[PDB]
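Enquirer: I have a structure I would like to understand better, so I am pasting it below and will then ask my questions one at a time.
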Amino acid sequence: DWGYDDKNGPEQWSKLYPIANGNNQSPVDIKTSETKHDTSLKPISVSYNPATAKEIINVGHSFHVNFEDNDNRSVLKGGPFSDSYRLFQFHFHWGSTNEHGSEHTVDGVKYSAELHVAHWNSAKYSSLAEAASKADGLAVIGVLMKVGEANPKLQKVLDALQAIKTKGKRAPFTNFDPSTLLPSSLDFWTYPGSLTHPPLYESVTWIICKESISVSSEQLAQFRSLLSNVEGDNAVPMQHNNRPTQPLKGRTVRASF
Ligand SMILES: NS(=O)(=O)c1ccc(NC(=O)NCCNCc2ccccc2F)cc1
Ligand SMILES: [Zn+2]
């Protein structure tokens with residue numbers, strides 16, 4: 001059972017998952033003086049149907065908001081992609097204090113949290129299960145979350161957490177368009193990488209937004225008040241779930257701007 005504590009956490013994941021030391025691991029530190037602007041990168045285009053929102057789940061180390069993915073009602077296009085990618089989930093990462101919590105960093109700067117909006121390649125594969133291990137299978141948008149003013153677009157998400165306080169609880173989460181959480185500008189960096197926790201598949205084309213979104217200190221406290229234990233056990237708050245940045249190993253981070 002992998003986790004984020006000292007015994008089962010990121011520094012130990014390679015014992016069970018050798019790809020943790022691979023050549024396309026995520027997240028990374030984006031050094032802006034080493035990024036390569038690419039004129040072939042098209043703008044990011046997201047078109048999400050709020051009717052595809054399905055369910056919110058406490059998965060023990062985090063929580064997930066999942067989406068119906070039987071058709072192309074909610075898709076990501078453009079950027080580095082020729083294929084359409086189908087939305088299936090968004091979630092967050094955070095840290096134990098405000099000074100860190102993001103997974104990606106920019107010129108060494110750590111933000112307080114990070115939003116991940118995940119999609120799978122339905123042009124080429126028939127299911128998330130098939131796509132998840134393919135090099136071109138997944139596309140995740142990452143948004144860095146900077147501590148500051150309370151973000152009202154987070155409100156439905158935050159209000160839902162009281163119904164999924166402990167591990168394994170789930171509840172309907174409907175009529176929600178997560179493009180409302182994205183920053184005003186979709187200028188981005190992109191690089192080939194991986195899932196940021198086990199099974200750590202090197203299957204993700206990352207889209208990291210240049211512009212951050214805000215989150216308040218109290219909103220972050222709501223994330224950290226989620227419990228990793230099952231109902232009835234001693235409460236164990238979800239204090240953090242961000243992986244340290246990993247070596248680029250010769251990869252190039254491209255810039256759309
Ligand atoms: N933080 S993140 O990089 O945005 C991120 C991290 C993890 C996930 N999880 C995920 O994709 N599960 C789907 C796996 N497909 C089913 C499957 C097939 C074969 C073996 C195992 C298995 F579960 C998503 C995004
Ligand atoms: Zn994530």
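Note on naming: chains are A, B, ... as they come in the structure tokens, residues start from 1 per chain, ligands start from 1 in the order shown.
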Where does DSSP see strand (DSSP E) in segment 17-197 of chain A, if you list the residues as a ChimeraX atom specification?
Expert: /A:29-30,36-37,44-47,53-58,63-67,75-78,85-94,105-106,113-121,138-147,170-172,188-193
Enquirer: Suppose we keep C-alpha atoms; can you now write the selection as a PDB file, in the first residue's frame?
Expert:
ATOM      1  CA  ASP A  29      10.632  21.903 -12.123  1.00  0.00           C
ATOM      2  CA  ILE A  30      10.043  24.131 -15.155  1.00  0.00           C
ATOM      3  CA  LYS A  36      11.646  26.121 -25.984  1.00  0.00           C
ATOM      4  CA  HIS A  37       8.898  28.181 -27.594  1.00  0.00           C
ATOM      5  CA  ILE A  44      -5.766  24.776 -25.797  1.00  0.00           C
ATOM      6  CA  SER A  45      -9.498  24.260 -26.345  1.00  0.00           C
ATOM      7  CA  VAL A  46     -11.692  22.734 -23.625  1.00  0.00           C
ATOM      8  CA  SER A  47     -15.420  22.143 -24.039  1.00  0.00           C
ATOM      9  CA  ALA A  53     -20.164  15.339 -13.726  1.00  0.00           C
ATOM     10  CA  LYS A  54     -20.846  12.125 -11.809  1.00  0.00           C
ATOM     11  CA  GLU A  55     -19.415  11.446  -8.364  1.00  0.00           C
ATOM     12  CA  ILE A  56     -16.930  12.593  -5.719  1.00  0.00           C
ATOM     13  CA  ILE A  57     -14.898   9.946  -3.871  1.00  0.00           C
ATOM     14  CA  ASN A  58     -12.566   9.890  -0.892  1.00  0.00           C
ATOM     15  CA  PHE A  63     -10.386  12.924  -3.325  1.00  0.00           C
ATOM     16  CA  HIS A  64     -11.498  12.565  -6.940  1.00  0.00           C
ATOM     17  CA  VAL A  65     -14.338  14.129  -8.917  1.00  0.00           C
ATOM     18  CA  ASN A  66     -15.198  11.708 -11.721  1.00  0.00           C
ATOM     19  CA  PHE A  67     -17.072  12.296 -14.967  1.00  0.00           C
ATOM     20  CA  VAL A  75     -13.272  17.044 -24.500  1.00  0.00           C
ATOM     21  CA  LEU A  76      -9.845  18.686 -24.666  1.00  0.00           C
ATOM     22  CA  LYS A  77      -8.379  19.591 -28.077  1.00  0.00           C
ATOM     23  CA  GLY A  78      -5.578  21.699 -29.510  1.00  0.00           C
ATOM     24  CA  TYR A  85      -9.032  13.721 -25.357  1.00  0.00           C
ATOM     25  CA  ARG A  86     -12.049  12.880 -23.178  1.00  0.00           C
ATOM     26  CA  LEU A  87     -12.429  14.331 -19.673  1.00  0.00           C
ATOM     27  CA  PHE A  88     -12.680  11.762 -16.896  1.00  0.00           C
ATOM     28  CA  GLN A  89     -11.609  13.315 -13.572  1.00  0.00           C
ATOM     29  CA  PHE A  90     -10.209  16.302 -11.729  1.00  0.00           C
ATOM     30  CA  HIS A  91      -8.492  16.375  -8.339  1.00  0.00           C
ATOM     31  CA  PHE A  92      -6.014  18.429  -6.314  1.00  0.00           C
ATOM     32  CA  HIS A  93      -2.699  18.049  -4.557  1.00  0.00           C
ATOM     33  CA  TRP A  94      -1.690  20.043  -1.487  1.00  0.00           C
ATOM     34  CA  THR A 105       7.338  24.084  -9.630  1.00  0.00           C
ATOM     35  CA  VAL A 106       8.378  27.033 -11.814  1.00  0.00           C
ATOM     36  CA  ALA A 113      -1.674  23.407  -4.210  1.00  0.00           C
ATOM     37  CA  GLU A 114      -2.258  22.193  -7.758  1.00  0.00           C
ATOM     38  CA  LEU A 115      -5.368  21.304  -9.759  1.00  0.00           C
ATOM     39  CA  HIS A 116      -5.194  18.363 -12.195  1.00  0.00           C
ATOM     40  CA  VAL A 117      -7.817  17.921 -14.935  1.00  0.00           C
ATOM     41  CA  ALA A 118      -7.339  14.523 -16.560  1.00  0.00           C
ATOM     42  CA  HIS A 119      -8.385  13.230 -19.992  1.00  0.00           C
ATOM     43  CA  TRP A 120      -7.828  10.092 -22.085  1.00  0.00           C
ATOM     44  CA  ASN A 121      -7.259   9.537 -25.797  1.00  0.00           C
ATOM     45  CA  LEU A 138      -3.452  10.571 -21.130  1.00  0.00           C
ATOM     46  CA  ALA A 139      -3.500  14.383 -21.101  1.00  0.00           C
ATOM     47  CA  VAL A 140      -3.568  16.276 -17.804  1.00  0.00           C
ATOM     48  CA  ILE A 141      -3.933  20.034 -17.374  1.00  0.00           C
ATOM     49  CA  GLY A 142      -2.088  21.308 -14.301  1.00  0.00           C
ATOM     50  CA  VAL A 143      -2.950  24.645 -12.681  1.00  0.00           C
ATOM     51  CA  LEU A 144      -0.723  26.033  -9.940  1.00  0.00           C
ATOM     52  CA  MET A 145      -2.721  27.338  -6.964  1.00  0.00           C
ATOM     53  CA  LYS A 146      -1.274  30.393  -5.209  1.00  0.00           C
ATOM     54  CA  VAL A 147      -2.336  31.111  -1.627  1.00  0.00           C
ATOM     55  CA  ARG A 170     -18.639   8.683  -2.217  1.00  0.00           C
ATOM     56  CA  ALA A 171     -21.527  10.905  -3.235  1.00  0.00           C
ATOM     57  CA  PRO A 172     -23.190  12.210  -6.403  1.00  0.00           C
ATOM     58  CA  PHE A 188       0.923  26.742 -21.281  1.00  0.00           C
ATOM     59  CA  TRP A 189       4.031  24.623 -21.047  1.00  0.00           C
ATOM     60  CA  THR A 190       3.981  21.023 -22.241  1.00  0.00           C
ATOM     61  CA  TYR A 191       6.289  18.028 -21.755  1.00  0.00           C
ATOM     62  CA  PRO A 192       5.943  14.211 -21.869  1.00  0.00           C
ATOM     63  CA  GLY A 193       5.667  12.740 -18.388  1.00  0.00           C
TER      64      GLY A 193
END
Enquirer: With the cut-off set at 7 Å and counting only C-alpha atoms and all ligand atoms, tabulate each residue of chain A with an atom at most that distance from an atom of ligand 1, showing the nearest atom pair and its distance in Å to one decimal, ordered by chain and increasing number, as a tab-separated table.
Expert:
residue	atom	partner	partner_atom_place_in_ligand_line	distance
A:116	CA	ligand 1	4 (O)	5.1
A:117	CA	ligand 1	4 (O)	6.7
A:118	CA	ligand 1	4 (O)	5.8
A:128	CA	ligand 1	15 (N)	5.7
A:129	CA	ligand 1	15 (N)	4.0
A:130	CA	ligand 1	18 (C)	6.7
A:132	CA	ligand 1	15 (N)	4.8
A:133	CA	ligand 1	19 (C)	6.6
A:140	CA	ligand 1	4 (O)	5.7
A:194	CA	ligand 1	3 (O)	5.9
A:195	CA	ligand 1	3 (O)	3.1
A:196	CA	ligand 1	3 (O)	4.0
A:197	CA	ligand 1	6 (C)	5.5
A:198	CA	ligand 1	7 (C)	6.8
A:199	CA	ligand 1	21 (C)	6.8
Enquirer: Any chance you can output those residues with N, CA and C atoms as a PDB file, in the first residue's frame?
Expert:
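Written file, result13.pdb:
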ATOM      1  N   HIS A 116      -5.440  19.247 -11.058  1.00  0.00           N
ATOM      2  CA  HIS A 116      -5.194  18.363 -12.195  1.00  0.00           C
ATOM      3  C   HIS A 116      -6.518  18.001 -12.847  1.00  0.00           C
ATOM      4  N   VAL A 117      -6.627  18.243 -14.151  1.00  0.00           N
ATOM      5  CA  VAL A 117      -7.817  17.921 -14.935  1.00  0.00           C
ATOM      6  C   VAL A 117      -7.385  16.887 -15.969  1.00  0.00           C
ATOM      7  N   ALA A 118      -7.896  15.667 -15.848  1.00  0.00           N
ATOM      8  CA  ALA A 118      -7.339  14.523 -16.560  1.00  0.00           C
ATOM      9  C   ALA A 118      -8.271  14.038 -17.666  1.00  0.00           C
ATOM     10  N   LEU A 128     -10.595   4.269 -20.765  1.00  0.00           N
ATOM     11  CA  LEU A 128      -9.549   4.766 -19.875  1.00  0.00           C
ATOM     12  C   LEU A 128      -8.584   3.653 -19.479  1.00  0.00           C
ATOM     13  N   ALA A 129      -9.123   2.467 -19.159  1.00  0.00           N
ATOM     14  CA  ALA A 129      -8.290   1.325 -18.787  1.00  0.00           C
ATOM     15  C   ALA A 129      -7.277   0.978 -19.876  1.00  0.00           C
ATOM     16  N   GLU A 130      -7.679   1.051 -21.150  1.00  0.00           N
ATOM     17  CA  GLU A 130      -6.731   0.773 -22.228  1.00  0.00           C
ATOM     18  C   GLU A 130      -5.713   1.902 -22.370  1.00  0.00           C
ATOM     19  N   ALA A 132      -4.596   4.166 -20.245  1.00  0.00           N
ATOM     20  CA  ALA A 132      -3.839   4.672 -19.103  1.00  0.00           C
ATOM     21  C   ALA A 132      -2.362   4.304 -19.144  1.00  0.00           C
ATOM     22  N   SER A 133      -1.985   3.236 -19.842  1.00  0.00           N
ATOM     23  CA  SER A 133      -0.590   2.823 -19.908  1.00  0.00           C
ATOM     24  C   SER A 133       0.074   3.145 -21.247  1.00  0.00           C
ATOM     25  N   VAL A 140      -3.152  15.656 -19.058  1.00  0.00           N
ATOM     26  CA  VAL A 140      -3.568  16.276 -17.804  1.00  0.00           C
ATOM     27  C   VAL A 140      -3.195  17.752 -17.850  1.00  0.00           C
ATOM     28  N   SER A 194       4.388  11.615 -16.700  1.00  0.00           N
ATOM     29  CA  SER A 194       3.834  10.428 -16.061  1.00  0.00           C
ATOM     30  C   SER A 194       2.704  10.790 -15.106  1.00  0.00           C
ATOM     31  N   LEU A 195       1.985   9.755 -14.663  1.00  0.00           N
ATOM     32  CA  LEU A 195       1.193   9.892 -13.455  1.00  0.00           C
ATOM     33  C   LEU A 195       2.118  10.261 -12.302  1.00  0.00           C
ATOM     34  N   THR A 196       1.646  11.119 -11.401  1.00  0.00           N
ATOM     35  CA  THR A 196       2.525  11.559 -10.327  1.00  0.00           C
ATOM     36  C   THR A 196       2.442  10.688  -9.082  1.00  0.00           C
ATOM     37  N   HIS A 197       1.677   9.599  -9.104  1.00  0.00           N
ATOM     38  CA  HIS A 197       1.725   8.622  -8.027  1.00  0.00           C
ATOM     39  C   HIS A 197       1.457   7.255  -8.634  1.00  0.00           C
ATOM     40  N   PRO A 198       1.700   6.181  -7.883  1.00  0.00           N
ATOM     41  CA  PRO A 198       1.517   4.831  -8.435  1.00  0.00           C
ATOM     42  C   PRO A 198       0.169   4.689  -9.119  1.00  0.00           C
ATOM     43  N   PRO A 199       0.117   3.989 -10.258  1.00  0.00           N
ATOM     44  CA  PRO A 199       1.223   3.200 -10.820  1.00  0.00           C
ATOM     45  C   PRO A 199       2.280   3.944 -11.659  1.00  0.00           C
TER      46      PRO A 199
END
Enquirer: For residue 31 of chain A, please output as a tab-separated table (two decimals) with C-alpha atoms, in the first residue's frame all residues within 9 Å (counting only C-alpha atoms; exclusion window: fewer than 3 positions along the same chain).
Expert:
chain	number	residue	atom	x	y	z
A	34	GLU	CA	15.47	26.42	-20.73
A	35	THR	CA	11.98	26.21	-22.20
A	105	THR	CA	7.34	24.08	-9.63
A	106	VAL	CA	8.38	27.03	-11.81
A	107	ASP	CA	11.97	28.28	-11.50
A	108	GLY	CA	12.13	26.53	-8.13
A	253	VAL	CA	9.61	21.62	-21.87
Enquirer: With only C-alpha atoms as the counted atoms, please give the residues lying no more than 8 Å from segment 238-247 of chain A, apart from itself and same-chain residues fewer than 4 positions off, as a PDB file with C-alpha atoms, in the first residue's frame.
Expert:
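As written to disk, around20.pdb reads:
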ATOM      1  CA  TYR A   4       2.862   9.753   1.279  1.00  0.00           C
ATOM      2  CA  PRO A  10       7.538   8.988  -2.814  1.00  0.00           C
ATOM      3  CA  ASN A  23      13.107   8.780 -17.826  1.00  0.00           C
ATOM      4  CA  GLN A  25       8.639  10.943 -14.511  1.00  0.00           C
ATOM      5  CA  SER A  26       6.437  13.756 -13.189  1.00  0.00           C
ATOM      6  CA  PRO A  27       6.208  16.367 -11.790  1.00  0.00           C
ATOM      7  CA  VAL A  28       9.188  18.492 -12.843  1.00  0.00           C
ATOM      8  CA  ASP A  29      10.632  21.903 -12.123  1.00  0.00           C
ATOM      9  CA  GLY A  60      -7.771   7.820   1.117  1.00  0.00           C
ATOM     10  CA  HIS A  61      -4.788   9.832  -0.078  1.00  0.00           C
ATOM     11  CA  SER A  62      -6.885  12.415  -1.918  1.00  0.00           C
ATOM     12  CA  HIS A  93      -2.699  18.049  -4.557  1.00  0.00           C
ATOM     13  CA  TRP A  94      -1.690  20.043  -1.487  1.00  0.00           C
ATOM     14  CA  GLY A  95       0.985  20.226   1.199  1.00  0.00           C
ATOM     15  CA  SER A  96       1.101  20.279   4.978  1.00  0.00           C
ATOM     16  CA  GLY A 101       1.737  21.788  -1.910  1.00  0.00           C
ATOM     17  CA  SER A 102       2.018  22.054  -5.658  1.00  0.00           C
ATOM     18  CA  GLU A 103       3.635  19.213  -7.615  1.00  0.00           C
ATOM     19  CA  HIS A 104       5.129  21.133 -10.503  1.00  0.00           C
ATOM     20  CA  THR A 105       7.338  24.084  -9.630  1.00  0.00           C
ATOM     21  CA  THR A 196       2.525  11.559 -10.327  1.00  0.00           C
ATOM     22  CA  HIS A 197       1.725   8.622  -8.027  1.00  0.00           C
ATOM     23  CA  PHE A 223      -8.530  19.821   1.953  1.00  0.00           C
ATOM     24  CA  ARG A 224      -6.288  18.952   4.912  1.00  0.00           C
ATOM     25  CA  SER A 225      -9.313  18.204   7.126  1.00  0.00           C
ATOM     26  CA  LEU A 226     -10.274  15.278   4.889  1.00  0.00           C
ATOM     27  CA  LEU A 227      -9.562  11.975   6.635  1.00  0.00           C
ATOM     28  CA  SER A 228      -7.497   9.079   5.280  1.00  0.00           C
TER      29      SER A 228
END
Enquirer: Could you tell me how far atom CA of residue 152 of chain A lies from atom CA of residue 187 of chain A, in Å and to one decimal?
Expert: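 Distance reported for this atom pair: 22.4 Å.
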Enquirer: When you count only C-alpha atoms and all ligand atoms, which of these residues is closest to ligand 2: A:39, A:150, A:218, A:204?
Expert: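 Using only C-alpha atoms and all ligand atoms, the shortest distance to ligand 2 belongs to A:204.
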Enquirer: As a PyMOL selection string, please: all residues of segment 29-257 of chain A that backbone DSSP puts in helix (DSSP H, G or I).
Expert: chain A and resi 32-34+50-52+128-131+152-163+178-181+217-224
Enquirer: Just to be explicit: take each residue in the selection above, keep N, CA and C atoms, and write the result as an mmCIF file, in the first residue's frame.
Expert:
data_model
loop_
_atom_site.group_PDB
_atom_site.id
_atom_site.type_symbol
_atom_site.label_atom_id
_atom_site.label_comp_id
_atom_site.auth_asym_id
_atom_site.auth_seq_id
_atom_site.Cartn_x
_atom_site.Cartn_y
_atom_site.Cartn_z
ATOM 1 N N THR A 32 12.413 28.377 -16.791
ATOM 2 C CA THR A 32 11.879 29.137 -17.921
ATOM 3 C C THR A 32 12.971 29.540 -18.907
ATOM 4 N N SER A 33 14.217 29.672 -18.444
ATOM 5 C CA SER A 33 15.316 29.985 -19.352
ATOM 6 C C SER A 33 15.691 28.807 -20.237
ATOM 7 N N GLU A 34 15.203 27.606 -19.927
ATOM 8 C CA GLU A 34 15.469 26.424 -20.727
ATOM 9 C C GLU A 34 14.248 25.937 -21.496
ATOM 10 N N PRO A 50 -21.593 20.172 -18.378
ATOM 11 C CA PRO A 50 -21.762 19.979 -16.929
ATOM 12 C C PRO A 50 -22.561 18.736 -16.581
ATOM 13 N N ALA A 51 -23.331 18.197 -17.525
ATOM 14 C CA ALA A 51 -24.091 16.979 -17.276
ATOM 15 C C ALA A 51 -23.206 15.747 -17.131
ATOM 16 N N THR A 52 -21.929 15.811 -17.523
ATOM 17 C CA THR A 52 -21.042 14.658 -17.381
ATOM 18 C C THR A 52 -20.483 14.494 -15.970
ATOM 19 N N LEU A 128 -10.595 4.269 -20.765
ATOM 20 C CA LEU A 128 -9.549 4.766 -19.875
ATOM 21 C C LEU A 128 -8.584 3.653 -19.479
ATOM 22 N N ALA A 129 -9.123 2.467 -19.159
ATOM 23 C CA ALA A 129 -8.290 1.325 -18.787
ATOM 24 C C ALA A 129 -7.277 0.978 -19.876
ATOM 25 N N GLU A 130 -7.679 1.051 -21.150
ATOM 26 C CA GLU A 130 -6.731 0.773 -22.228
ATOM 27 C C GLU A 130 -5.713 1.902 -22.370
ATOM 28 N N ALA A 131 -6.181 3.149 -22.296
ATOM 29 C CA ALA A 131 -5.336 4.302 -22.578
ATOM 30 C C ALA A 131 -4.308 4.566 -21.487
ATOM 31 N N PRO A 152 -13.917 31.664 -5.165
ATOM 32 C CA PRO A 152 -15.323 31.233 -5.079
ATOM 33 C C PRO A 152 -15.685 30.123 -6.046
ATOM 34 N N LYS A 153 -14.914 29.925 -7.118
ATOM 35 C CA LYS A 153 -15.221 28.851 -8.053
ATOM 36 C C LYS A 153 -14.994 27.481 -7.437
ATOM 37 N N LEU A 154 -14.264 27.408 -6.332
ATOM 38 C CA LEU A 154 -14.071 26.148 -5.629
ATOM 39 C C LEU A 154 -15.260 25.747 -4.768
ATOM 40 N N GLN A 155 -16.323 26.559 -4.699
ATOM 41 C CA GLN A 155 -17.285 26.431 -3.603
ATOM 42 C C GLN A 155 -18.037 25.104 -3.637
ATOM 43 N N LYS A 156 -18.526 24.686 -4.810
ATOM 44 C CA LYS A 156 -19.270 23.428 -4.875
ATOM 45 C C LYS A 156 -18.400 22.256 -4.444
ATOM 46 N N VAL A 157 -17.127 22.263 -4.846
ATOM 47 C CA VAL A 157 -16.202 21.204 -4.449
ATOM 48 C C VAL A 157 -16.037 21.177 -2.937
ATOM 49 N N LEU A 158 -15.750 22.339 -2.347
ATOM 50 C CA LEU A 158 -15.524 22.408 -0.910
ATOM 51 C C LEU A 158 -16.770 22.007 -0.132
ATOM 52 N N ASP A 159 -17.947 22.440 -0.593
ATOM 53 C CA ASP A 159 -19.184 22.103 0.100
ATOM 54 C C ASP A 159 -19.473 20.608 0.056
ATOM 55 N N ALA A 160 -18.900 19.884 -0.909
ATOM 56 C CA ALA A 160 -19.175 18.457 -1.036
ATOM 57 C C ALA A 160 -18.369 17.608 -0.066
ATOM 58 N N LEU A 161 -17.263 18.141 0.464
ATOM 59 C CA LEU A 161 -16.335 17.307 1.211
ATOM 60 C C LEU A 161 -16.949 16.771 2.501
ATOM 61 N N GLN A 162 -17.909 17.491 3.096
ATOM 62 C CA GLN A 162 -18.476 17.022 4.358
ATOM 63 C C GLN A 162 -19.235 15.718 4.195
ATOM 64 N N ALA A 163 -19.597 15.349 2.970
ATOM 65 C CA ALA A 163 -20.269 14.079 2.722
ATOM 66 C C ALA A 163 -19.308 12.945 2.397
ATOM 67 N N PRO A 178 -15.822 21.864 -14.981
ATOM 68 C CA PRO A 178 -14.548 22.237 -14.345
ATOM 69 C C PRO A 178 -13.697 23.203 -15.164
ATOM 70 N N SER A 179 -14.082 23.546 -16.399
ATOM 71 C CA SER A 179 -13.390 24.640 -17.080
ATOM 72 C C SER A 179 -13.548 25.955 -16.320
ATOM 73 N N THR A 180 -14.556 26.055 -15.444
ATOM 74 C CA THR A 180 -14.723 27.229 -14.591
ATOM 75 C C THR A 180 -13.589 27.399 -13.585
ATOM 76 N N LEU A 181 -12.788 26.360 -13.349
ATOM 77 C CA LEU A 181 -11.664 26.415 -12.422
ATOM 78 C C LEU A 181 -10.364 26.853 -13.087
ATOM 79 N N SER A 217 -6.029 30.378 2.558
ATOM 80 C CA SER A 217 -5.474 29.516 3.597
ATOM 81 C C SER A 217 -6.545 28.618 4.212
ATOM 82 N N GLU A 218 -7.766 29.136 4.369
ATOM 83 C CA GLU A 218 -8.851 28.362 4.958
ATOM 84 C C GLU A 218 -9.387 27.323 3.987
ATOM 85 N N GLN A 219 -9.363 27.622 2.689
ATOM 86 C CA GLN A 219 -9.777 26.617 1.719
ATOM 87 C C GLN A 219 -8.808 25.442 1.715
ATOM 88 N N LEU A 220 -7.505 25.722 1.772
ATOM 89 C CA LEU A 220 -6.524 24.652 1.889
ATOM 90 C C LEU A 220 -6.756 23.837 3.158
ATOM 91 N N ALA A 221 -7.139 24.502 4.254
ATOM 92 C CA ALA A 221 -7.416 23.763 5.486
ATOM 93 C C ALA A 221 -8.561 22.779 5.308
ATOM 94 N N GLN A 222 -9.526 23.092 4.439
ATOM 95 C CA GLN A 222 -10.602 22.140 4.183
ATOM 96 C C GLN A 222 -10.074 20.874 3.518
ATOM 97 N N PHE A 223 -9.182 21.004 2.523
ATOM 98 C CA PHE A 223 -8.530 19.821 1.953
ATOM 99 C C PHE A 223 -7.855 18.989 3.041
ATOM 100 N N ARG A 224 -7.077 19.651 3.906
ATOM 101 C CA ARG A 224 -6.288 18.952 4.912
ATOM 102 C C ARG A 224 -7.149 18.374 6.026
#
Enquirer: Which residue is closest to ligand 2? Choose from A:137, A:175, A:42, A:206 and count only C-alpha atoms and all ligand atoms.
Expert: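 Using only C-alpha atoms and all ligand atoms, ligand 2 sits closest to A:206.
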